[PDB]
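Novice:
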Ligand SMILES: Cc1cc2nc3c(=O)[nH]c(=O)nc-3n(C[C@H](O)[C@H](O)[C@H](O)COP(=O)(O)O)c2cc1C
Ligand code: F3S
């Protein structure tokens, strides 16, 4: 979406504003979507004041007296087209408008031209009329709106696509529609009438993820335009909706509150809900600014910019207790009519530029150069940093973030006033009972306890799902974490922790609406915090999570009573309920059985909501059965406000208090571990894991994660879910309350009846004979390895093990159901033809040895399929076909590979763009048939790539242009894609640089993917890939391998269905992967919707992986996942083996096509109707699964056209196309020419100069060019200005630019300069957006102006001078030189790992702001430092003329003093930070 406002303070309403408002929506067009029409838009809208002049003519014609401005009041109404129904509708409006003592002067029909709508939108178009109203008592502004608010909310109970009130006020009005942006005024004629005039205007261009427009969903709402995604929606709604009965305020009546009855609702969009909630806060006596701060509060902690403002620190501390944040990225834009303004999500994930004149004429919006003021008169040119609002007030005043927040700091204050004032070894079998296992403690509790970080592992989740396994499992295991993919970003929990919190509030949440004067650091609480708390504010009835045996028979009863006990106890005054499994002291064999802590905490939490009582108390779960990071997050997820994991804490006590352990600590394990540390490590590890999990979804506060239920269950059933976990999806439906009972029995049996010596080991993490099954055993793989190596008996073995297995994934419950006669292999398409559909899938060069990696590329190239470069860059040497190959199978260009032919190439068909941008270079991008945006990977969705330092050889360091020793943890988000439009932009950058390349977007299966893919389709992508949780990794958290992401059967299916329903299916190719190792696997993926099929681990195995499982170690005994030369030498494995492997899989595909009866995989894809549920299978845990989700897909027997895709989507006529169209092809082809050109830019002009860069890149790679093409530009530049700039390319910006300047820049220069006619201070005024220089790789950027956040985010070699910045300055920087000449927001060094930066922060406040995890603040001390800093600060001036530049430069000897230099422990010893 795009958004803004325009305000005029010092004038009376004019038309120009309206005019400008509309022009501005024009420039939002790329931030918006269109329907299947390619024409109707996802929405476009405009809020203004009442065009009291225009309405004047209605009154005249009717011979009627026009009421006072404060007393007129106007409904913009969408009504049924059908006459009879439109009168029923009209009669209702009036029925209720009359029910508040109001009077209807009548209706105005709204002049429209339906002829410009696109066929879809026109088909759907409601009939639009404005109702004009008054109060005979004499009501006014506030009171009238108050009544009108009540009115619209009542009419809202009948809301329908045909029947919706867009706005009903005496102050503002909304014209909005399913039109494309510049069509708005074309459609609504009122907006092109010179009688239309307003002081302000909010505008909004929407971007939806479907193709079926609903007029109400267009969007400036009744009160705000909202651009973003509430990632916490379910929680926020659930809390908000429990407030609903006890609403209570100043003289608002109890029946007037019961009138807004449901002020929020799961079925509406985050935005309709936000607007609603925000509305309620305003109508009950707060200004839009304040209420925003209540619901979408800043991150206030550690903010040195609130030194002088302890008011607002306190007014957040207060509310932080009352109301959880509506998280997710968000630019809000609102007007009361009285006030109008904008503010950002806590994290500042959307752009927001403002512009101000001498006459306080203000202009905010997602983009800089949009409403065209006369620059000679701009006074400020600002932006909102994360948290900031900016506002206007009718009494002619702008209002910057600070006065602002102070103004509700001043009032209702009590802030910092009312705040202040507020022994055996039974353990070894308790442990069994509560479900502990040999591995749970050895592999998880211990590592947390000893190293203080949850364990790391490799490879994918090999074993079957909880509901299909035969081994016992917790209830926790049935819940997979959901995470952010395109729709919204993850945040970095380590680099950006400063923004989060695990605080939790034990008080009962009172009244939001009344600020009356009348707290857990972390959710984990020790036996100490627990004693402490059980004193606390209130007493705290234990409810037995326990129950006896026989007679009071089932877990069904025990649950029931617990709820009743719980309900009953809360009624009787209890403000905290510790649910224990340890009531009155002890756990027995007669206390025979538990309510699993997750199942209880859901029950009491939902049942209480149904009781209308949750806001009353708050929940502590006091349990044994909770030790693992995930465990904790289920709990907080479904209710728990805090956890005392009394047994986990206990299992650490016993471990450290043990001879074996105590002994090793004297030599072997770290005897730097007093029991106080072993425990302080155990929790500090639990905390880092919570932080992590939240971040996977972009969530800052456990307070927000709390109600919200950020999971998708798999194998829970219909009633089980409704009872305990209401509103969580389980599209597969298994476990009954009985069945969960039966499971807890399975390991209740084994601590009690029997005997206790060591908890059992079930091969969960690591293959074992006795234990859980694994698709990839060291044995299956040696047998497959020897099979490929020949050219049989190993397939016997090999397939054998693959028969031998139980159910493992959902495709196993399925089977074929042919609909045509069997056929002969000889009719079927050839092995050669199928093999083109295969992909080897993208494992990084770091992760794998170059031997292993280059080999896959060769076999894949041979088959005419594709392999994939992972996130590691690619060695340039690879882009060349081999001649040097000789008789022995060796070749000088790649001396470490074997069995090469002479047509061979090791260049990767697919080239990956991941969050770290590691190799991402103009020629990189250009050697590449396809380009992949890695949104996420199956082993670890919310997270980002991970490369232990051990593995960063110099080679890897060279390829990644990063530092030899140093660990590489890439950022969770791409700093580039904070939203769907953002995605759309990156695709366009890519199509822009290599128009020839297809662009894929790689997602992980999880509920919601279908909706995301719809958007990706609309964002012009060429291929979507669905990865399952199955997938492999060279290193991930173990919790993640076992807990994040759903199965690809759910992914592909959903993507396939939603795209078909949305009519986008033809737009896009579907690649599926995750645990595919077999013809049958491919066929199942095909039936399910996939057209291409990916293989990681088996390609690996086929090259010689055993399944050691030590990838993260650098030890592959076998040369595959190491960088160690010794081990690499052991690499057996030749392209021919991976070639032959793929030919097997193919062959097996041909035979399946034969039993099914079709000639070609093309004929099969999507024919889900060829699947039936299998006759043999029975599970151990439940009677069956529901498989509607896999079987009910769109018929595909006839409609097969979606299977024909255009070769490559295009960016359209683009400015670069003209540039590349004159006398330039000379400066290029004659390797050495100068060329100057000059052009006007408007901010539709995106990615400028990038395609020229590609054109040069393609002919002389990164460095072959000695030309001097200069392109000077003027105006406001679009996203990605100068991206991937080469040497020999210089770009001039007379003007300003937007986000991502110099994204990917490789070489050359970019110079940006306000326009001379400015009269403002450059250094004091913004000139560039967020994420400039992103993964810069060389080149130089100079800019007189501030820049926004993440300046030089992942800079590897780029140099720059700017004059101020937002937060996250130099975020994951790694090399190069950044010079900043003005203030700079906080977190200034997060994970920066090499390179030098020099600030100059004269408020002197810099070290309070800096991130201290790694970089060090020095004062320039070494001369060559000076010399480095000068020539830069000088260059800037020679390219620019900077005033602050020239200043320092002539008083070189003064500013140079306190003026800090940032040194990563790595440039520590270099001629510029030492001597
Ligand atoms: C050792 C290893 C390293 C991987 N590295 C990456 C990575 O660099 N980027 C990425 O998108 N996927 C990576 N993957 C996942 C693959 O892209 C692919 O999706 C996955 O291997 C398919 O699952 P499968 O192993 O079951 O066949 C890696 C997988 C493994 C086995
Ligand atoms: S499991 Fe990994 S540790 Fe080596 S054996 Fe396979 S590459």
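Numbering (the deposited numbering), first residue to last: 1 to 422, 439 to 534, 540 to 812, 824 to 1507.
Even for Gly, the Cβ is constructed at its ideal location relative to N, Cα and C.
1) Can you determine whether any heavy atom of ligand 1 sits closer than 8 Å to the C-beta of residue 1105, and answer yes or no?
2) Measure the C-alpha to C-alpha separation of residue 813 and residue 700 and round it to an integer number of angstroms.
3) Counting Cβ pairs, one atom from each stretch, are 3 or more of them under 8 Å apart for the segment 754-764 and the segment 566-577?
4) Nearest-angstrom Cα distance between residue 1007 and residue 48?
5) Cβ-heavy atom distance between residue 1145 and ligand 2 below 8 Å?
6) Regarding residue 1127 and ligand 1, is the C-beta to nearest heavy atom distance less than 8 Å?
7) Who does residue 103 pair with in a DSSP beta bridge?
8) Do you know whose CA, among 1403, 420, 1477 and 1493, lies nearest residue 508's CA?
9) Grab me the residues of residue 358's own chain with a C-beta within less than 7 Å of its C-beta, minus the 5 sequence neighbours each way, in chain order.
10) Do you know whose CA, among 1356, 236, 262 and 216, lies nearest residue 150's CA?
11) Use the C-beta contact count for residue 74: other C-beta atoms within 10 angstroms, 16 or more gives buried, fewer gives exposed.
12) Whole alpha helix (DSSP H) runs in the segment 450-492 with 4 or more residues, listed along the chain?
13) According to DSSP, simplified to helix, strand and coil, what is residue 1234?
14) In its own chain, which residues sit with a C-beta less than 8 Å from the C-beta of residue 742, not counting the 5 before and 5 after it?
15) Quick one: is the Cβ of residue 501 within less than 8 Å of any heavy atom of ligand 1?
16) For the segment 870-898, list the alpha helix (DSSP H) runs that are entirely contained and at least 4 residues long, ordered along the chain.
17) Alpha carbons only, please: which of 849, 853 and 801 is nearest the one belonging to residue 835?
18) Less than 9 Å separating the beta-carbons of residue 488 and residue 773?
19) Could you tell me whether any non-hydrogen atom of ligand 1 is closer than 8 Å to the CB of residue 537?
20) Between which two residues does the alpha helix (DSSP H) containing residue 418 stretch?
21) In the DSSP output, which residue or residues are listed as bridge partners for residue 1205?
22) Using 9 Å as the threshold, is the C-beta distance between residue 1517 and residue 1114 below it?
23) On the three-state DSSP scale, how would you describe residue 745?
24) Should residue 1312 be listed as close to ligand 1, given that the test is whether its C-beta is under 8 Å from any heavy atom?
25) Between the Cα of residue 64 and those of 35, 106 and 37, spot the shortest distance and give me the residue it belongs to.
26) Following the continuous alpha helix (DSSP H) through residue 318, name the residue where it begins and the one where it ends.
27) Does residue 1250 pass the burial test, meaning 16 or more other C-beta atoms within 10 Å, or should it be called exposed?
28) Roughly how many angstroms lie between the CA atoms of residue 594 and residue 780, to the nearest whole one?
29) Check whether the Cβ of residue 1153 lies closer than 8 Å to any heavy atom of ligand 1, and answer yes or no.
30) Please tell me whether, using a cut-off of 8 Å, the distance from the CB of residue 887 to the nearest non-hydrogen atom of ligand 1 is below it.
31) Relative to the C-alpha of residue 1306, which residue among 1316, 1335 and 1275 is closest?
32) Are there any heavy atoms of ligand 1 lying less than 8 Å away from the beta-carbon of residue 900, as far as the coordinates show?
33) DSSP three-state label for residue 355, please.
34) Would you be able to state if there are at least three C-beta pairs under 8 Å between the segment 670-680 and the segment 559-569?
35) How far does the alpha helix (DSSP H) with residue 271 in it reach, from first residue to last?
36) Using the Cβ count rule (16 or more neighbours within 10 Å means buried), how would you classify residue 61?
Specialist: Based on what the coordinates show:
1) Here residue 1105 is taken as the residue at index 1073 of the chain shown, counted from 1. Correct: residue 1105 has its Cβ closer than 8 Å to ligand 1.
2) Any structural detail on residue 813 is unavailable, because the chain resumes at 824 straight after 812.
3) yes
4) Within the chain shown, the letter at position 975 stands for residue 1007. Within the chain shown, the letter at position 48 stands for residue 48. About 34 Å.
5) Your numbering for residue 1145 matches position 1113 in the chain shown. Residue 1145 Cβ: within cutoff of ligand 2.
6) Sequence index remark: in the chain shown, residue 1127 carries index 1095 (1-based). For ligand 1, at least one heavy atom lies less than 8 Å from the Cβ of residue 1127.
7) As a first step, residue 103 must be located in the chain shown, where it is residue number 103. 134, per the DSSP bridge assignment.
8) Against the chain shown, residue 508 aligns to sequence position 492. It is 1403.
9) Numbered from 1 along the chain shown, position 358 holds the residue referred to as residue 358. Closer than 7 Å at the Cβ level, and outside the excluded window around residue 358, lie 377 and 379.
10) On the chain shown, residue 150 is found 150 positions in, with the first residue counted as 1. Comparing Cα-Cα distances from residue 150 to each of 1356, 236, 262 and 216, the minimum goes to 262.
11) Start at 1 with the first residue of the chain shown, and residue 74 comes out as number 74. It counts as buried.
12) 462-467
13) Within the chain shown, the letter at position 1202 stands for residue 1234. Helix at residue 1234.
14) On the chain shown, residue 742 is found 721 positions in, with the first residue counted as 1. For residue 742, where only same-chain residues beyond five positions count, the Cβ hits under 8 Å are 734, 749 and 751.
15) Residue 501 sits at position 485 when you count from the first residue of the chain shown. False, no ligand heavy atom lies under 8 Å from that Cβ.
16) 882-895
17) Taking the first residue of the chain shown as position 1, residue 835 is located at position 803. The shortest C-alpha separation from residue 835 is found at 801.
18) If you number the chain shown from 1, residue 488 lands on position 472. If you number the chain shown from 1, residue 773 lands on position 752. No, they are not a contact pair.
19) Between 534 and 540 in the chain the model has nothing, and residue 537 is one of the residues in that span.
20) Translated into positions along the chain shown, residue 418 becomes position 418. Segment 415-421, the alpha helix (DSSP H) holding residue 418.
21) Numbered from its first residue, the chain shown carries residue 1205 at position 1173. Note: residue 1205 sits in a beta bridge opposite 846.
22) With the chain covering 1 to 1507 only, the question about residue 1517 has no answer from this structure.
23) Here residue 745 refers to the residue found at position 724 of the chain shown. Of the three classes helix, strand and coil, the one that applies to residue 745 here is helix, per DSSP.
24) Your numbering for residue 1312 matches position 1280 in the chain shown. No, the beta carbon of residue 1312 sits no closer than 8 Å to any heavy atom of ligand 1.
25) What you label residue 64 is simply residue 64 of the chain shown in a count that begins at 1. Cα-wise, what sits closest to residue 64 is 106.
26) Residue 318 sits at position 318 when you count from the first residue of the chain shown. Unbroken alpha helix (DSSP H) run through residue 318: 310-322.
27) The count along the chain shown starts at 1 and reaches residue 1250 at position 1218. Under this definition residue 1250 is an exposed residue.
28) Mapped onto the chain shown, residue 594 falls at position 573. Mapped onto the chain shown, residue 780 falls at position 759. In a straight line, the C-alpha of residue 594 is about 42 Å away from that of residue 780.
29) Position 1121 of the chain shown, counted from the start, is the residue given in the question as residue 1153. Yes, the Cβ of residue 1153 comes within 8 Å of a heavy atom of ligand 1.
30) One-based indexing of the chain shown puts residue 887 at position 855. No, ligand 1 has no heavy atom inside 8 Å of this Cβ.
31) Taking the chain shown and counting its residues from 1, one reaches residue 1306 at position 1274. Of the candidates 1316, 1335 and 1275, the one whose C-alpha sits nearest the C-alpha of residue 1306 is 1275.
32) Walking along the chain shown from the start, residue 900 turns up at place 868. Correct: residue 900 has its Cβ closer than 8 Å to ligand 1.
33) Numbered from its first residue, the chain shown carries residue 355 at position 355. The answer is strand: DSSP assigns residue 355 an E or B state.
34) no
35) Residue numbering aside, residue 271 sits at position 271 when the chain shown is read from its first letter. Residues 270-283.
36) As a first step, residue 61 is located in the chain shown; it is residue number 61 there, counting from the start. Flag for residue 61 reads exposed.
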